[PDB]
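The chain below stands alone, shown as structure tokens; this is the form deposited in one PDB entry.
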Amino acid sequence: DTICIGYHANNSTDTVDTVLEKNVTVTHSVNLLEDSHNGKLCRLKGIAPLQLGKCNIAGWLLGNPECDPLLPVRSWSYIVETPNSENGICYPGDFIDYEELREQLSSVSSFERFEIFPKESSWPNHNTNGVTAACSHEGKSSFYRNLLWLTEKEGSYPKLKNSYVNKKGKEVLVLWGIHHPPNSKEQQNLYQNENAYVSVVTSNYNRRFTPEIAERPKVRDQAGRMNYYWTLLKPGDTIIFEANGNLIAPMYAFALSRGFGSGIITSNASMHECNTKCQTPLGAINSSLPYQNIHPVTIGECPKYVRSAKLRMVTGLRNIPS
């Protein structure tokens, strides 16, 4: 008569690493590293992303005519730029503090596009019909949907002064541009004053702009430039535009709401009818495990990104069926 003390074995082929020994086959184990994704862009906590299509941030804000227009009001959980954004700034020049604007838009949850300065009504005695071939649409020369190229009318450019009081109860994002012609002949033919200036003020913003005429190497077949500027007009505050030339005026502006947990990602994937708590540029992860090796960029509630190929904890025993 005999009794024996022993331990469990089974048919598991799980392996784990330890300090003293690699590749130990064990009976029961737990994986801590998520490495799978679904290849799709998904809703995040029920809210769809803002997909910019053929545009980048700059092209959507300025109103590039090549990009399909969006509904006047959008809400989103994160913004998706495509890697091959061909449509952005179409008239060459510099977007000032562009990178800080992106960072601001990373915490915006919603916009409402609205006509801040109605076209035929805000700049009397000035031409508003200017277009260019650098910003073409359906072959024809066109212009930014959100801005307006004000030019001379009947051989004069009178000094203008317009202003907007923000009663939207949310920050308003105002964008404008400043044109720089390549020679003083075109400066006269367009704004009739060689010593033009533009002035833009709010309670807290204060900047003045001067034409800088010089020949420049052609970009998109243009020897002049157009710089672009922006400010966030606080609720109740007033923005005043004053100029006697060279101003690319605001026509449409954005009332903005703030949010949490949003972001901008660049992604090759497509939107699908799916929902997730965690989004990467490659696809959505479910978020039960503590680590993930799929992407360092994440939106939402996500595991922590690590370079590991394997993170497996043993729970059972050294498996010896011999």
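Counting begins at 1, following the sequence as shown. The term rigid core refers to the maximal set of C-alpha atoms that superpose within 1.5 Å between the two forms.
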| task | Would you mind comparing 64-72 and 38-46 for me and telling me which has the higher average C-alpha temperature factor in the entry? | result | 64-72
| Residue range whose averaged C-alpha B-factor is higher in the record, 98-106 or 81-89 | 81-89
| request: Name the one of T210, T132, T238, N227 with the greatest CA B-factor according to the PDB entry. | output: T210
| Out of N195, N146, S203, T231, which residue has the highest Cα temperature factor in the PDB record? | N195
| field | Where the record places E171 (Cα B-factor, split into thirds across the chain) | value | lowest
| request: Could you tell me which third, lowest, middle or highest, the C-alpha B-factor of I178 occupies within its chain? | output: middle
| Lowest, middle or highest third - CA B-factor, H295 | lowest
| task | Quick one: classify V314 as lowest, middle or highest third of the chain based on its Cα B-factor. | result | middle
| Assigned third (lowest, middle, highest) for the C-alpha B factor of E115 | middle
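What follows is about the form deposited in another entry, which we do not show.
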| message | Quick check on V73: with the core superposed, does its CA move 2 angstroms or more between the shown form and the other one? | response | yes
| request: Classify the change in Cα distance between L62 and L71 in that other deposited form as closer or farther, relative to the shown form (magnitude of 3 Å or more). | output: closer
| Closer or farther in that other deposited form, the Cα atoms of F143 and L71, when the shift from this form is 3 Å or more | closer
